[PDB]
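Heads up, the thing below is written out as structure tokens.
Every residue, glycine as well, gets a Cβ built from its backbone with ideal geometry; the counts of neighbours run over all protein chains shown. Values quoted throughout were computed directly from the atomic coordinates according to the rules given, and no laboratory measurement underlies them.
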Amino acid sequence: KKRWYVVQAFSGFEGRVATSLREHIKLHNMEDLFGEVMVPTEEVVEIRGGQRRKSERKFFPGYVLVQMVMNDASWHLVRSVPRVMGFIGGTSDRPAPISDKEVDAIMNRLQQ
Amino acid sequence: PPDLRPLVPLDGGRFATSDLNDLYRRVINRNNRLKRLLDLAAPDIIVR
Amino acid sequence: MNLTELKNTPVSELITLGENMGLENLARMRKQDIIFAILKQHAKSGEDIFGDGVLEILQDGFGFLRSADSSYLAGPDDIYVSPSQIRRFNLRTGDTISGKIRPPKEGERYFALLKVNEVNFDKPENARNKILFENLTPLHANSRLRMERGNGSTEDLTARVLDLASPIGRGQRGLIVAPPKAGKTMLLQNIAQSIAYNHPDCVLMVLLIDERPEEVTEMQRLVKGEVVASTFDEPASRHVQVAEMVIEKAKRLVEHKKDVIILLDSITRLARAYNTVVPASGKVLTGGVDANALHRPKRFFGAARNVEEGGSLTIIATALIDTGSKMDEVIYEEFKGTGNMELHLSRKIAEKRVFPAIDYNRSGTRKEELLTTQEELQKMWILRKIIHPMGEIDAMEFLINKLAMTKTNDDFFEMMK
Amino acid sequence: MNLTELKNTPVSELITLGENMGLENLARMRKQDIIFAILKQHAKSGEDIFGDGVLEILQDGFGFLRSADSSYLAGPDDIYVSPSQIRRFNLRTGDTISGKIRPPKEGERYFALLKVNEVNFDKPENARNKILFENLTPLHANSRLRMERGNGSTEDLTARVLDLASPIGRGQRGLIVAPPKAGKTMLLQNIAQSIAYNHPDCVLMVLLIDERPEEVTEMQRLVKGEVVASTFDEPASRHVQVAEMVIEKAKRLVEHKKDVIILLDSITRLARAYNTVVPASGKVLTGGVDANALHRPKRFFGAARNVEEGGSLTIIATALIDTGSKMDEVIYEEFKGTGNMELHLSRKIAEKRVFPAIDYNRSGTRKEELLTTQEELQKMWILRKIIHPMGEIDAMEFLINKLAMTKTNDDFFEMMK
DNA sequence: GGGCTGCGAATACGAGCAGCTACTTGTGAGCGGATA
DNA sequence: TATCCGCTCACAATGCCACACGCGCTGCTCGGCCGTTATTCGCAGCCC
RNA sequence: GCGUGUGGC
Ligand SMILES: Nc1ncnc2c1ncn2[C@@H]1O[C@H](COP(=O)(O)OP(=O)(O)O)[C@@H](O)[C@H]1O
Ligand code: BEF
Ligand SMILES: [Mg+2]
């Protein structure tokens, strides 16, 4: 199953982590094994100033996570890239994903 | 106490700030992030 | 309970129910403050509160529902709303939000909007599906807005001259070119009465900029519509704020496909206010006007357009000339091409006490053929050919003498045969 | 996929395919923003993207392909291009570039042009071999651009008066000397219809400067050509930017050996805008004009010339006089010698409702013998000798009465025997 | 008598988070850990 | 299951004195405020 | 406030 495995990267550069991981997956043409990097982490909320409506539209706890199937080689691919500060999940090196309730919760959060 | 922790206006745009103040700021930021996680019904692994 | 029901009533009744539910002596605070105290006292009984007002989004993202008491300013009776609802229901400045609210808790200063029930007289979930104002294609005026009452009293003819000199339609952009002391106030009186009588469906809005408070309390008790004003006793910042908020409410309303009309005295005073608030750019013109100061007044006036999808937005402003300073002259100069509808008034006739003192040939309507029929517009052309070779005062007095006999303008055309 | 195919369609269809490929509710963002979101959503499926637009080279060297949605302004739908291609294919401002593009990556804000396929309707490697606009030798108008339709309806004669008062040709420099409220809009309507009908090969371009949006949506739906406009609701900076970009596109097109025609209402408004953006030099003239402010409008108008190598560039602008301020008068003064083609209009005739209200003897064409034949130009001279001793209104009405019977101007000459 | 100073009345997006070694020896205790 | 035995980690490195310098930029991410609180001036007690 | 470099008892 295309599981929603969670991982934490270098904060602040989390968008840079998202694009680096996206480019790495698109280079190795492994789309049939991996998925997205949680682009919905874009809360359009902003500080709307007068006469200047520049809105970055970025507000989320971060935690760039990739939808992926558990494999050792794939783990080595996703750790070979930079910004692998923490590969969270209760395990030695092979974690478990989260149930679909939290997936529906984050889908609601994206809906808002 | 504030007057006790090193924070003195240095020459220029920079000011000498205690190294403990960085850890204090990081602790407060992590506590705020934790408070935000539990309020949003976050998964168990992220709050862990 | 609703706020406006407690805001429209006099203060004495507020004191009565205040001491009825066990409160202090309420003859000491402001009418706004008395309303606020009554609201908290009735709210501390554990009951569902309701509020309504125009939304003003702050710099930080959150919003405030202002009420029409102080022309929607910063007040204690404003309802604070979080950006979360402003993003869910996608609200902006000018959206009239109404729904269930709750009292401010200790450490809080303003009511909080909990449930939204109606957004700009529409269902709130319907407010998400909309097109923004700068996105629809304008048009010319198609549906004729006849301002003639038909009863033909001594002042009804005041509107007929309009239908005889400059026809008005939906989405038109009108302004009065008149010197001071001509009678602009009573012409606005007649036109507002005509809007309330003939076409009561369109939203009748009157904006007063830097005028006497007697005119404010006179218009607010004559027409049955939202009258927002800004007298001279307030700074220019408040005037441009009211400009922001009224143009935003009109924009949201026409986005809701509604016909709105905004009446303005004066556009020169609003231009003065905008000149007052604009930062210095270093290029001043004759009269004391800045180079980039008139952009916002030009926007505010030219917001008028006829909507293709539905609704219309009309602006009827007044300008001052023969005032003594170059400023108002250049105002009329760069505002003379911005509008497509003019009421030229002659002080020359006002000195002879011949009301209305309207200048016929200098006035007109741009693309007026789309509001009138063929033979009717031909009647207009023949009437223009009759009035043009004649003078000013003699032609105007002849026009009023010809209208004094009949009441309806079609009947006047019928006798004109 | 192509961008314009998704930009011309209404927004509702965009929402349909948006939720078809699994996107949000698209009834909330701007039409430009809805186009951008649809573009990213269709681009994230791994497919070859195509784009097209006019190039605007920035200060730093790189460029942006703007689209005709907002009259080619700064927008999120602009395609960023690196200076490397701008040097390889040697592109400049005004070059219409079209080719394969890719989506903006994270941290990037605009699409990137990867493959160029067509530069100004030509092969991109052919754009390297070209002569620059300031380098070719001008000429007089040789090929006659007959604006007569030949069907002779009640408005076709409107163009015939042109062929009877001021002949037009390729590379000519035309402007209308007309007071306000004369009917310039409908004469431009007729001339644009005549260009679309008689000579559909030349590029028909209409530039609107500080006019009503109803005229914009009317012209953009009447003629089948690129209509770029700049209403009064936008600052003067945008107006002079559109001047830059439209004159640059015309320059690139005539460098590509093409016949282009640019229609302008108004040149006085563009001069006002240029006056607005020019820094102060300390020498102001009568009317509020600067000493070195009219150089750029003079360039923009006099860019018209007939090309020896191939192509032509024609400018038909409109000027305002009898407005009340010295400014527009001096505008017509120093612009009266810059053009070689004049349409003098009489408000005197417009008051008598005799359309077209054209002044015959004050109008004319400079070096008009190179567009007409010998006996035909002699016919023109005899017609001028007939109209000259006569008055203004009587001569104009006699001209319209003589054209009401026949449709083709050669047939009119044939009955004139 | 007058300056010095306390006392009360009139009034009107920016901060923060974050990224792009391997010649030391000696002394002590703690935590596995093998074997009868 | 007890008895030491072997592997692993914390902790130490005078005391001072003198002089000098050295402490980065940009792309995500988070919180959130009124013109009735704080500024400024008129007036009078108290010391010189 | 420290670090680094250098020198001296
Ligand atoms: N060829 C024509 N046929 C009929 N009516 C015309 C014609 N030309 C002009 N008009 C009349 O003149 C008016 C033109 O208005 P407008 O375009 O604003 O004039 P201008 O462009 O000269 O300011 C219209 O109301 C129309 O009725
Ligand atoms: F178009 Be009109 F002459 F103002
Ligand atoms: Mg016109």
Q | Options A:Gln111, A:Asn71, A:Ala96, ranked by Cα towards positive dipole end of chain A, top entry (Cβ charges) | A | A:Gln111
Q) Among D:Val354, D:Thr314, D:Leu208, whose Cα lies farthest out toward the positive end of the dipole of segment D:129-417, if unit charges sit on the beta carbon of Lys, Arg (+1) and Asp, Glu (-1)? A) D:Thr314
Q.
Could you list D:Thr323, A:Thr91 so that the one with the fewest beta carbons within 10 Å of its beta carbon is first and the one with the most is last?
A. A:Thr91, D:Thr323
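Taking a 30 Å limit on the Cα-Cα distance, which of the listed pairs C:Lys184/C:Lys367; C:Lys31/C:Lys224; D:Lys123/D:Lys224; C:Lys402/D:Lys402 fall beyond it?
Violating the 30 Å Cα-Cα cut-off are C:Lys402/D:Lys402.
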Q) Among C:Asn129, C:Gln172, C:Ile195, whose Cα sits farthest toward the positive end of the charge dipole of segment C:129-417 (+1 at Cβ of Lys/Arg, -1 at Cβ of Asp/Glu, about the Cα centre)? A) C:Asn129
Q) Each residue of segment C:227-232 in turn: what ³J(HN,Hα) in whole Hz from Karplus with 6.51, -1.76, 1.60 and θ = phi - 60°, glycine and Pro shown as x? A) 10, 9, 9, 8, 6, 5
Q) What does the charge dipole of segment D:1-126 about its Cα centre add up to, to the nearest 20 debye, if the Cβ of each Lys and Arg holds +1 and the Cβ of each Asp and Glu holds -1? A) 240
Q) Antiparallel as a % of all DSSP beta bridges within segment C:129-417, to the nearest 5? A) 20
Q: Hey, could you get me the Stokes-Einstein D for segment D:124-269, Kirkwood radius over alpha-carbon pairs, 4 °C and 1.567 mPa s, rounded to whole µm² s⁻¹?
A: 78
Q: For the protein assembly as shown, give the magnitude of the charge dipole about the Cα centre (Cβ charges: +1 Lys/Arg, -1 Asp/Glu; no others), in debye to the nearest 20.
A: 1540
(Q) Regarding segment D:1-68, what's the average projected area of the Cα-atom convex hull, expressed in nm²? (A) 5.3
Q. Can you sort D:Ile38, C:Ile387, D:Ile316 by how many other beta carbons sit within 10 Å, fewest first?
A. C:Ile387, D:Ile38, D:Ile316
Q. In the neighborhood of C:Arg272, defined by Cβ-to-Cβ distances under 10 Å, what is the net charge if each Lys or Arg adds +1 and each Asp or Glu adds -1?
A. -1
Q: Between D:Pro180, D:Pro279, D:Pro138, find the one with the highest GNM mean-square fluctuation for chain D; connect C-alpha pairs within less than 10 Å.
A: D:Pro279
Q) By how many degrees, between 0 and 90 and to the nearest 10, does the Cα long axis of helix D:31-43 differ from the longest principal axis of chain D? A) 40
Q: Using only alpha carbon pairs under 8 Å that are at least six residues apart, calculate the relative contact order of segment D:1-126 and give it in whole percent.
A: 21
Q | Inter-copy spacing of D:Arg128 label points, which lie 7 Å from Cα along Cα→Cβ, given in nm from shortest upward | A | 5.4
Q: For D:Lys326, go through the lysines and keep the ones whose alpha-carbon is under 17 Å away, minus same-chain ones fewer than eight residues off.
A: C:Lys326, C:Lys336, D:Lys283, D:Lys336
Q. How far apart are the C:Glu218 label points across copies, placing each 7 Å from Cα toward Cβ, in nm, shortest first?
A. 3.8
Q | Reciprocal of mean inverse Cα separation for segment C:1-126 (Kirkwood radius, Å) | A | 14.9
Q.
Let me confirm the definition first: pairs of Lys residues in chain A, 8 or more apart or on different chains, C-alpha distance under 21 Å. How many are there?
A. 4
(Q) Only counting other Cβ atoms within 10 Å, I'd like D:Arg144, D:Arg212 sorted with the fewest neighbours first. (A) D:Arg144, D:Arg212
Q) What angle, in degrees between 0 and 90 and rounded to the nearest 10, separates the Cα long axis of helix C:156-165 from the longest principal axis of the Cα atoms of chain C? A) 60
Q. What angle, in degrees between 0 and 90 and rounded to the nearest 10, separates the Cα long axis of helix D:374-387 from the longest principal axis of the Cα atoms of chain D?
A. 70
Q) D for chain A, whole µm²/s, Stokes-Einstein with Kirkwood Rh over alpha-carbon pairs at 4 °C and 1.567 mPa s: what number? A) 85
Q) Going from the alpha-carbon gyration tensor of chain B, what semi-axes, largest first and in whole Å, does one get by taking the root of 5 times each eigenvalue? A) 34, 10, 8
Q | Radius 10 Å from Cβ of C:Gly169, net charge of other residues (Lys, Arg +1; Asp, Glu -1) | A | +3
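What net charge do the residues around A:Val64 carry, taking every other residue with its C-beta under 12 Å from that of A:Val64, with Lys and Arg at +1 and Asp and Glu at -1?
Once all neighbours under 12 Å are counted, the net charge is 0.
In cubic angstrom, how much convex hull volume per residue do the alpha carbon atoms of chain C span?
For chain C, the hull spanned by Cα atoms encloses 164 Å³ per residue.
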Q) What number, in nm² with one decimal, is the all-direction average of the projected area of the convex hull of the alpha-carbon atoms of segment D:250-359? A) 8.4
Q) Restricting to the protein assembly as shown, what percent of DSSP beta bridges are antiparallel, rounded to 5? A) 50
**Q.** Other copies of C:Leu377: label-to-label distances in nm, shortest first, labels 7 Å along the beta-carbon direction
**A.** 4.2
Q) Beyond 18 Å, what share of the Cα-Cα pairs of segment C:285-349 remains, rounded to the nearest whole percent? A) 46
**Q.** Only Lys, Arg (+1) and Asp, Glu (-1) charged, at Cβ; chain A dipole about Cα centre in debye
**A.** 400
Q.
In 20 Å bins starting at zero, report the fraction of Cα pairs in the protein assembly as shown per bin as a rounded %.
A. 11, 35, 35, 16, 4, 0
Q) Hey, what did chain C get for relative contact order, percent, Cα under 8 Å, at least 6 apart? A) 16
Q. How high is the relative contact order of segment C:123-271, in percent, counting Cα pairs under 8 Å that sit 6 or more residues apart?
A. 25
